[PDB]
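What follows is calculated from the coordinates using simple rules that are stated; it is not laboratory data. Note that each Cβ is placed from the backbone with ideal geometry, even for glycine, and that neighbours are counted across all protein chains shown.
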Amino acid sequence: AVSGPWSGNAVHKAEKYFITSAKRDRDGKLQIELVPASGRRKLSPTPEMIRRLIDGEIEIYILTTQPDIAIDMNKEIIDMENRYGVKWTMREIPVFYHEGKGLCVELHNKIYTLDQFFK
Amino acid sequence: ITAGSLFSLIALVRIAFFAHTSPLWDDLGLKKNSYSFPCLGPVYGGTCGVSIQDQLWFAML
Amino acid sequence: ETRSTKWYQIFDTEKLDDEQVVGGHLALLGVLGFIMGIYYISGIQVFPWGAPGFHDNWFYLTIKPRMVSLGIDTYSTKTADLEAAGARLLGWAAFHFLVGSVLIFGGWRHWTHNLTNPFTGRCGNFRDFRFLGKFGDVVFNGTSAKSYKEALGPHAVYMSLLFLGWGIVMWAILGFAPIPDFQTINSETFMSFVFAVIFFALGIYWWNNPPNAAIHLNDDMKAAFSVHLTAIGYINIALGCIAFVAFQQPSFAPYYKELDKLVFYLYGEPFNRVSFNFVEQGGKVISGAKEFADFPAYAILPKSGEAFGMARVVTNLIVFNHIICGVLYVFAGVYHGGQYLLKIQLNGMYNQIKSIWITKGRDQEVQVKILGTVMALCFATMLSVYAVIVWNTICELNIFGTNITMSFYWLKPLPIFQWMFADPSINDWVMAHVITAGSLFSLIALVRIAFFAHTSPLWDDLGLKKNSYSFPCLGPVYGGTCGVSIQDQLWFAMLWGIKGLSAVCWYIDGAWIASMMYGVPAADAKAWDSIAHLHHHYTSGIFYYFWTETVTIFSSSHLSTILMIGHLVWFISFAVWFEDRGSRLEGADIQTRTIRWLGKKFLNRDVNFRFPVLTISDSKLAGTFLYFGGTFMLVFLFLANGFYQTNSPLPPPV
Amino acid sequence: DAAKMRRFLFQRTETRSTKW
Amino acid sequence: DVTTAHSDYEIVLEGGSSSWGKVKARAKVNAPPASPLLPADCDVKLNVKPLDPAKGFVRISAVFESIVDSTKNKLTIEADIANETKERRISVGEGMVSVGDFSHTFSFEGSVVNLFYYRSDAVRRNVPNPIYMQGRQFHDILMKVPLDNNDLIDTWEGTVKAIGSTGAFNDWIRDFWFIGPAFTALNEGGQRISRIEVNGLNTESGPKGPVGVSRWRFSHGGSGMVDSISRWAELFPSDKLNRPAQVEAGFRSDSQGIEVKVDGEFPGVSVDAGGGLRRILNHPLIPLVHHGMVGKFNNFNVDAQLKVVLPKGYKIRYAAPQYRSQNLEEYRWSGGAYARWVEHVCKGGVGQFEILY
Amino acid sequence: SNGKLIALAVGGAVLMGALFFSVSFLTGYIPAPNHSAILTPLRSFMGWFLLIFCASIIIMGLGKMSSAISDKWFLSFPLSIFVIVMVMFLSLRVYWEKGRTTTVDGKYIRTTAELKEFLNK
Amino acid sequence: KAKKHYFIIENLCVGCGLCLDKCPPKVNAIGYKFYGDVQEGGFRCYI
Ligand code: BCL
Ligand code: BCL
Ligand code: BCL
Ligand code: BCL
Ligand code: BCL
Ligand code: BCL
Ligand code: CLA
Ligand SMILES: CCCCCCCCCCCCCCCC(=O)OC[C@@H](CO[C@H]1O[C@@H](CO)[C@H](O)[C@@H](O)[C@@H]1O)OC(=O)CCCCCCCCCCCCCCC
Ligand SMILES: CCCCCCCCCCCCCCCC(=O)OC[C@H](COP(=O)(O)OC[C@@H](O)CO)OC(=O)CCCCCCCCCCCCCCC
Ligand code: SF4
Ligand SMILES: [Ca+2]
């Protein structure tokens, strides 16, 4: 099921990972590295670790201050804040698994793919 | 005395069991980093008197 | 934009128009007439048919000296003159029932915008009307007031009309001709016509020229309603002050002083008791032992008005009522007023208002200087007088090798002011300075609401704004920021006010204020009356007040129930005023889960309740209400237990 | 004078510190 | 004896990227239905299972069990809808239509194409939450029905004869298709039904008996009001369908009134609103515009309660009309402004009610 | 809030009453004069049961009307309060006490002097 | 050195401001940002 508050971080209900860099290779494939909230090891989104995401054992997120996020996140973030210190707001986007495309980010009612999303 | 013991025992069972986390703050996704922190602020209708030092006060009171 | 869908904000000025306001006011004066007609039925000492009347109630005692003054009620000891009185009170109770029903009808249709009368088959216009046909056409040039400023003239006229009507009523129905000498009730008819002339003339001067003062008050209903409440509260305080000096004047003796001579049977007072083995039969008591044997079993016993001191008890119950409210309405006028100053600072109309009632305090520079003068004067006065009371307490308790000779017995009001007190003494010098200190103390919380509704000299420093009026705090940041909104500053005005609101209760019950301990059997407590040549023996000292006044409370089975209930309500305010809101939120969660778990195991069906917890701002609300209601549910017991000051001082015990 | 004023409130805060 | 209607609503949402929400609705109304025949009762069931998430195919089912003026009426549908592209969506399904002692089955091979008259970047940039989207839809239909009854055989011929002898069959068929006040509804929602096109009407033998086979095409355009066109991507959360989703509802109607019971979970109840904020999906406009058609015949007083339950840690940033009461996680709407909005939208109004959590 | 939920409250009240009645037959307390052994416990339990029951209904009743009051209660709430106050004053003179204080002979005493004379003799 | 960087995750913040008081007062990096009623998480911190 789920581990207790005492095991790992207490705030987390499932283990938490953050995509920290999204550089590309010579062939243009997106090399995604995600480190856990503790942050002492580097992993890539392999099927075995995606398989955890199907059962909710882990959760993946992206910061909006990432150096290579490709999409102009600050302008859109600034607009929403103005709708309802505005600059320096930072958010965590919850990455989800789409069987057809793999990891997608439902940003502003529009599904995206990590390769489409990142530079 | 039986009622007066079980009343102040509630504040004591909470120091023993909710020093770092409680079922509510595991739900609200929060950590009690500290033993003498007053509140987390107005948030969630407010959360004052949640540390174990404050639960000690509510056992003395 | 903070939520305003709370049940206690349903009748807010934002949710009502000018037409609805009139309907709301009318929908209450009709209820008030229904209430006034019940305070009249209860006051029937003997029924018209000859059946015995109603036992004394405090709701009719505070109005009995007035109905006696107007002739509806009499103080006669004879049933024949007490059987007519009963018929009259029935007449005015039924009359107030009819007039109240009209005002409620004229409030229901006013509230629903449905101004149609069946007989005339024509609907009137709120925007413009002739006002009582030709009468209004001659005076208001055939038009109606178009704004609050233009309503002053017509509103003043209405006041003149009401005064003229009261004068006609006293002359024709009550038989009091207008003789202009100020020792008789007949002078209340003469001045009912002088006032009707002043107001009518004043009501025409304001209709031809509408007042330009506070022009912004026309724009918002709450802005004008709050200035009226800051004014009505001061008026009410003045009425309480005036009723204390007047109700015990020689000219008011036939109505207030006369109460002492009567025997009163209040409900819930000591009654003829009975033995455990009591078996009452119709004809006679059998195999039972009953106390007194002068009245029937379980019959309220008499009470000597003179021993009770009912003339001063009734004077106090009325004087304190119009002061407990007068200061509550001053506090609410500033609150509901600063509640409007938050909106003009949020939507930014503040810097463009030319009114000197908003322009004078525009700059923060003056604000700190004004608040720094209220704060400095409160310090130099709440200390100067507290150290006198503490020193007097030390000197008479012989603490630190001191005696009642070294106390402040030689300090009293100056000769210029001596006319203000029947008997001048340090008890009078202290009371004036306590009220002065007690006003400047709660004024600090009021100057804060007026000046710091949105931004303070500290928040402007900390880079923060106060977006709401009912925000509990900004978290634990900067060591803590709780109780910073104006609603909380209103609470700290009500809470701080309880001291001057108690220096009045104590001082009008004939207690000593110049010493915490007066009249106790200690070293110099009983040496006050002769060290200062007091012509009166004050009931007790600040602390010894609780012991003496409560001897009569414990003797009453109903005054003691109030004591219990009032204390129970008051300490419960601690639960919602202490910083344990986070603890309550967790606790409840355990209760919901615990109850869910108990229901689950115990019953096949699983039922959950999700126990609720109040918010801090919702906590400080129920907190002040439980603290204030509890604190003055019991102040009533001090006033209604009797007036036990005496005109004979005590010689030194030696 | 804001900074100097804030160094004080910071000198009396709700965070971990040494107390007498 | 006063037109009074009582209703209860409930939405429970999960946290994270989940768009899953539970919706329950009960209603009670005291005015007669605008139906020339009473009593008319009806139960509807819709179940969507994740047949193939890899390719993108789901198995949707629908059962209609309605008794109209003592006449049992049933319609059953089982179909396989999947996303082909952004504008095309093919469905393969079977169903059966029974009225009293009559019944006939059908099989269909169909595709729907949805195009927007324009797609501009400026509209997307300057309008954070667009409502009105002008578009058109095209249906390719291949109907196949086994004609094993005399009554079914007679309907099959007459149609061919009518096409053969009447030139205006493509036009006058719209009149027959939208029976009763259904045709009026077209103009009401700003929806235009184009003329049908018959590719072929050929009888093809089947193992059971002669089977009528039809292959037709049609189109219909929405001024923006229509939700099928304006919201084509949002009404099919196939990819968000990790677990089977079911919507169950039913209603009883007669001279005395209407009682409605609706319940079920499905994704798409919550959609991203920008700036990290989530929001309840914009109310469908077609149902409101379609109910104003029958809801304006009897004056009434509203008694509606809308209980909304949010995920742990999730608090409203803004709502108009504002919630009457807030029991922490669960917020409540009743009375005041909300009762004003319910009377608005029950009579055909489409005024916005926003919740941002 | 149906079936066993309300069934449970009735069962609990009956159990508490039986326990209070049962404990007495073994508590060994002398009964008051002209009182039944079975009645004393039954009367005491009913008073105890009423206090919690009255407190519980008042707590949920105030809660029910705190979130169900609006502009529509503008006239009804003030009229209902007046009606309760009125049915209350009538009870003072129709159930709590019948008439003003009178003596065995039926005479009245309305003056301090009349009282003083009564006290002495 | 400015090698490492620190951030507020705004959806997680509850605005308690414990972070703000650790920031040196002559370096007013952390600050407050209001958009609603505080009892409804209407305020957050940001560097
Ligand atoms: C008690 C200390 C304060 C006080 C503190 C508050 C607070 C706190 C609130 C109001 C609010 C209101 N106040 Mg105020 N108010 C006081 C004195 C008054 C007086 C007066 C008798 O002179 C009047 C006419 C008003 C008028 C009003 C309305 C403009 C508004 C909504 C009333 C409502 O729905 O009540 C509830 C309706 C009922 C039928 C319940 C019974 C109310 C009875 C009739 C008394 C009315 C006044 C009373 C204080 C209203 C609030 C009760 C709450 C439990 C605090 N206040 C004093 C000075 N007032 C609200 C608002 O929107 O302010 C901007 C609000 O949040
Ligand atoms: C009502 C507005 C539009 C309409 C809207 C759509 C939409 C939208 C699409 C279809 C598509 C199709 N349409 Mg079409 N369609 C209309 C008119 C028609 C008519 C006709 C009798 O005139 C026909 C024969 C068809 C035929 C067809 C099919 C070929 C195909 C799949 C239908 C299906 O499986 O339904 C199943 C049978 C049912 C009874 C379902 C009824 C569902 C109702 C309308 C809504 C229920 C959902 C509820 C609000 C939320 C539930 C969530 C649960 C998880 C289910 N359309 C009108 C003009 N049509 C689909 C396609 O793209 O295929 C490739 C599709 O996505
Ligand atoms: C209006 C709502 C109720 C009502 C509620 C009350 C209340 C409340 C009281 C009475 C009381 C009385 N009522 Mg009644 N009464 C009503 C209708 C009537 C009518 C009638 C014409 O229908 C009559 C003849 C009476 C008769 C009487 C007398 C038996 C008695 C003493 C009146 C008095 O002193 O008046 C004097 C009246 C005036 C002089 C009119 C002028 C009042 C002015 C406008 C107020 C100024 C005060 C203050 C300084 C304001 C300053 C601000 C501005 C600068 C002006 N009532 C209706 C049904 N009645 C009183 C009582 O029983 O006392 C024991 C009492 O307190
Ligand atoms: C004590 C009575 C209450 C009151 C209770 C009623 C009642 C009762 C009725 C109305 C209704 C009406 N109200 Mg009103 N209303 C009050 C104050 C006002 C004021 C005001 C600001 O002074 C105005 C402009 C109005 C406006 C109006 C009329 C346009 C309307 C006409 C139909 C009718 O029968 O009319 C006759 C009246 C007029 C044509 C208007 C001119 C005469 C005056 C203004 C009428 C009110 C009574 C008068 C002031 C009482 C005597 C005052 C003395 C000092 C004792 N009311 C007075 C103070 N209102 C009617 C309604 O709602 O019907 C469904 C109605 O029958
Ligand atoms: C020896 C001076 C005493 C004193 C003795 C008297 C006497 C005697 C009388 C009053 C009376 C009054 N006093 Mg005093 N009063 C003092 C200080 C104050 C302060 C104050 C906070 O500073 C206030 C607001 C008041 C208020 C008042 C009014 C109720 C009334 C006004 C006339 C008056 O003072 O006439 C006489 C005034 C003077 C002779 C000089 C006043 C000097 C001013 C007030 C400066 C003294 C303040 C001082 C700095 C406080 C010390 C604080 C320290 C820094 C710790 N007093 C000091 C403590 N007061 C009269 C009254 O009716 O009493 C019932 C009265 O007869
Ligand atoms: C007086 C004001 C009353 C009121 C007055 C009435 C009256 C009067 C009536 C209703 C009716 C209805 N009301 Mg209403 N109603 C009120 C408030 C409510 C509330 C509420 C409080 O929330 C609810 C839940 C309802 C609910 C409802 C429904 C039970 C019913 C409409 C059914 C429907 O959707 O048919 C949906 C219909 C269709 C989809 C059309 C079917 C036929 C056409 C030809 C099909 C073409 C589409 C094409 C084939 C589709 C696609 C195919 C697939 C793509 C394959 N009402 C208010 C308070 N309401 C009406 C009703 O029908 O009652 C029985 C009615 O007469
Ligand atoms: C009579 C006063 C009183 C009562 C009944 C309670 C009761 C309670 N408190 Mg509170 N509290 C009080 C005073 C009181 N407190 C004061 C003065 C403070 C300030 C120091 C606090 C501070 C406080 C904190 C900080 C917390 C509570 C919590 C609790 C609850 C946990 C105990 C429990 O589950 O059952 C205890 C047993 C009972 C409640 C039995 C009922 C006792 C009687 C019969 C209740 C009915 C009498 C009542 C006064 C009637 C009112 C009449 C009206 C005229 C006033 C409980 C509901 C905790 C909680 O979980 O919050 C929800 C919590 O965290 N207490
Ligand atoms: C809540 C927030 C703040 C608190 C203030 C609010 C309440 C104020 C409400 C006025 C309270 C008065 C009550 C009824 C009036 C009454 O009593 O008048 C008579 C007389 C004595 O009469 C006799 O009383 C006997 C009882 O023992 C005696 O034995 C006898 O010797 C004596 O003659 O009292 C004075 O002269 C009044 C003294 C106070 C003097 C007022 C001084 C204040 C003036 C200066 C400025 C103050 C304001 C500062 C700005 C805020
Ligand atoms: C077998 C049990 C299994 C698990 C344990 C179950 C726990 C049972 C919980 C019972 C709750 C205890 C009952 C009271 C316990 C108690 O005393 O708690 C005091 C109460 C605390 O409420 P909280 O918000 O902390 O939450 C209480 C609930 O969570 C209780 O679970 O505070 C107030 O009510 C103040 C509001 C008063 C409103 C202001 C009115 C002002 C007017 C002045 C005069 C008014 C006179 C009368 C007014 C009413
Ligand atoms: S306990 Fe209450 S007042 Fe104090 S910091 Fe926390 S929320 Fe603010
Ligand atoms: Ca006393």
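I'd like the projected area of region C:279-407, averaged over all directions, using the convex hull of its alpha carbons. Report it in nm² with one decimal.
20.3
Just tell me, in residue order, which DSSP H segments of chain E are both 27 angstrom or longer along the helix axis (alpha-carbon based) and at least 0.0 in mean Kyte-Doolittle hydropathy.
none
Check each of the chymotrypsin sites (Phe, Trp or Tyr not before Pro) in region C:581-620 and keep only those in coil by DSSP with at most 15 other C-beta atoms within 10 angstrom; list them in order.
Filter output for region C:581-620: C:609.
Straight-line reach from residue C:303: which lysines have Cα under 18 Å away, leaving out those fewer than 8 places along the same chain?
By straight Cα distance, residue C:303 reaches C:64, C:257, C:261, F:107, F:116, F:121.
What percentages, rounded to whole numbers, describe P(r) for the protein assembly as shown computed over all alpha carbon pairs with 10 Å bin width beginning at zero?
1, 6, 11, 15, 17, 16, 13, 9, 6, 4, 2, 1, 0, 0
Give a residue-ordered list of calculated ³J(HN,Hα) values for region G:8-18 (Karplus: 6.51 cos²θ - 1.76 cosθ + 1.60, θ = phi - 60°; whole Hz; x for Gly, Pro).
9, 7, 5, 5, 8, 4, 10, x, 5, x, 4
Report the Cα centroid-to-centroid distance between region C:418-481 and region C:231-289 in angstrom, as an integer.
39
Filter A:42/B:31; B:32/C:465; A:119/E:49; C:465/G:22; C:134/C:343; A:110/E:28 down to the pairs with a C-alpha to C-alpha distance above 31 Å, please.
A:119/E:49; C:134/C:343; A:110/E:28
Decide, for chain C, between rounded, prolate and oblate: order the square roots of the alpha carbon gyration tensor eigenvalues as a ≥ b ≥ c, take rounded if a/c falls under 1.5, and otherwise choose prolate if a/b is larger than b/c, else oblate. Each step should come with its number before you reach the end.
On the way: a/c = 1.29, a/b = 1.08, b/c = 1.20.
Here chain C falls in the rounded category.
Counting alpha carbon pairs within less than 8 Å and at least 6 residues apart, what relative contact order, in whole percent, applies to region E:310-353?
32 percent.
With contacts defined as alpha carbon pairs under 8 Å and 6 or more residues apart, what's the relative contact order of chain C in percent?
Relative contact order here is 10 percent.
Quick check: from the Cα gyration tensor, does chain A come out rounded (a/c under 1.5), prolate or oblate? Present the calculation step by step, with values, prior to reporting the outcome.
On the way: a/c = 1.71, a/b = 1.21, b/c = 1.41.
It is oblate, given that a/c is not under 1.5 and a/b is not larger than b/c.
Give me the one-decimal Kirkwood hydrodynamic radius in Å for region E:218-357, with the sum taken over alpha-carbon pairs. It would help to have the intermediate numbers written out before the result.
Working: mean 1/r = 0.0573 Å⁻¹.
One decimal place: 17.5 Å for the Kirkwood radius.
If packing is taken as the mean number of other Cβ atoms within 10 Å per residue, what is the order of C:611-619, C:509-517, highest first?
With the highest mean Cβ count within 10 Å placed first, the list reads C:509-517, C:611-619.
Sort E:123-131, F:50-58 for me by packing, meaning the mean count of neighbouring Cβ atoms within 10 Å per residue, highest on top. Can you show the working numbers first?
Numbers: E:123-131: 12.1, F:50-58: 10.2.
Result, highest mean first: E:123-131, F:50-58.
Give a residue-ordered list of calculated ³J(HN,Hα) values for region E:117-130 (Karplus: 6.51 cos²θ - 1.76 cosθ + 1.60, θ = phi - 60°; whole Hz; x for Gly, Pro).
4, 8, 9, 10, 6, 5, 4, 5, 5, 7, 10, x, 9, x
To the nearest Å, what is the center-to-center distance of region C:583-606 and region C:138-166, using C-alpha atoms only?
Computed from Cα coordinates, the inter-centre distance equals 63 Å.
With a 10 Å radius around each residue's Cβ, average the other Cβ atoms per peptide and rank E:252-265, C:538-551, highest first.
The densest-packed peptide leads the list: C:538-551, E:252-265.
Quick one: Karplus J couplings for region E:217-227, per residue in order, coefficients 6.51, -1.76, 1.60, θ = phi - 60°, nearest Hz, x for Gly and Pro?
Result, rounded to whole Hz: 9, 8, 9, 7, x, x, 5, x, 5, 4, 7.
What whole number of Å gives the distance from the Cα centroid of region E:120-172 to the Cα centroid of chain D?
A separation of 75 Å, based on Cα centres.
Given N residues in region C:507-620, what is Rg(Cα) / (2.2 N^0.38 Å)?
Region C:507-620 yields a ratio of 1.89.
Which shape class applies to region E:8-74: rounded if a/c is under 1.5, otherwise prolate when a/b exceeds b/c and oblate if not, where a ≥ b ≥ c are the square roots of the Cα gyration tensor eigenvalues? The partial results should precede the final answer.
Details: a/c = 4.87, a/b = 1.59, b/c = 3.07.
Oblate.
What fraction of the Cα pairs in region E:91-140, stated in percent, has a spacing above 14 angstrom? List each step's numbers first, then the result.
Working: 854 of 1225 pairs.
Considering region E:91-140, 70 percent of its Cα-Cα pairs are separated by more than 14 Å.
In whole percent, what relative contact order does chain E give with Cα contacts below 8 Å and a gap of six or more residues?
With pairs under 8 Å counted, the relative contact order is 22 percent.
Per DSSP H run of n ≥ 4, the term is -39500 (n - 2.57); total these for chain C, divide by its residue number, and report the mean residue ellipticity at 222 nm rounded to 500 deg cm²/dmol.
Theoretical 222 nm ellipticity from helices: -18500 deg cm²/dmol.
List every DSSP H helix in chain C whose Cα atoms extend 30 Å or more along the helix's own long axis and whose mean Kyte-Doolittle hydropathy is at least -0.5. Don't skip to the answer; put the middle values down first.
Working: long enough: C:79-111 (46 Å, 0.68); C:148-172 (35 Å, 0.86); C:187-208 (32 Å, 1.27); C:221-246 (36 Å, 1.56); C:310-346 (53 Å, 1.10); C:364-397 (48 Å, 1.29); C:426-451 (37 Å, 1.48); C:486-508 (32 Å, 0.87); C:581-602 (31 Å, -0.88).
Qualifying helices, which must be both long enough and hydrophobic enough, are C:79-111, C:148-172, C:187-208, C:221-246, C:310-346, C:364-397, C:426-451, C:486-508.
Pick out, in residue order, every one of the trypsin sites (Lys or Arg not before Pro) in region C:347-427 that is DSSP loop and has at most 15 other C-beta atoms within 10 Å; say none if there are none.
C:354, C:360, C:362
Please average, across the residues of C:485-496, the number of beta carbons from any other chain that are within 10 Å of each residue's own beta carbon, and give a whole number.
Neighbouring Cβ atoms belonging to other protein chains average 0 per residue here.
Evaluate 2.2 N^0.38 Å with N set to the residue count of chain E, then give the Cα radius of gyration divided by it.
Here the Cα radius of gyration is 1.09 times the empirical estimate.
Within 10 Å of each Cβ in D:11-20, how many Cβ atoms from other chains are there, averaged over the peptide?
Per residue, the average neighbour count from other chains is 5.
How well do other chains shield peptide E:308-319, expressed as the mean number of their Cβ atoms within 10 Å of each residue Cβ?
Mean number of neighbouring Cβ atoms from other chains: 4.
Tally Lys/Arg at +1 and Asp/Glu at -1 over every other residue whose Cβ is under 10 Å from the Cβ of residue A:16; what's the total?
Combined, the nearby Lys, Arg, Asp and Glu give -2.
Tell me which GluC sites (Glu not before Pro) from region C:236-329 have a DSSP coil assignment and no more than 16 other beta carbons within 10 Å of their own.
Counting only loop positions with at most 16 other Cβ atoms within 10 Å, the GluC sites (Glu not before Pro) in region C:236-329 are C:291.
Excluding residues fewer than 8 places away in the same chain, name every one of the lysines whose C-alpha is closer than 29 Å to that of residue C:526.
Filter leaves C:412, C:499.
Given the rule -39500 (n - 2.57) for each run of at least 4 DSSP H residues, summed and divided by the residues of chain E, what is its mean residue ellipticity at 222 nm, to the nearest 500 deg cm²/dmol?
Only helices count here, giving -5000 deg cm²/dmol.
If you take every residue apart from residue C:227 with its C-beta less than 14 Å away from the C-beta of residue C:227, what net charge results, scoring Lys and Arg +1 and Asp and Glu -1?
Around residue C:227, the charge tally is 0.
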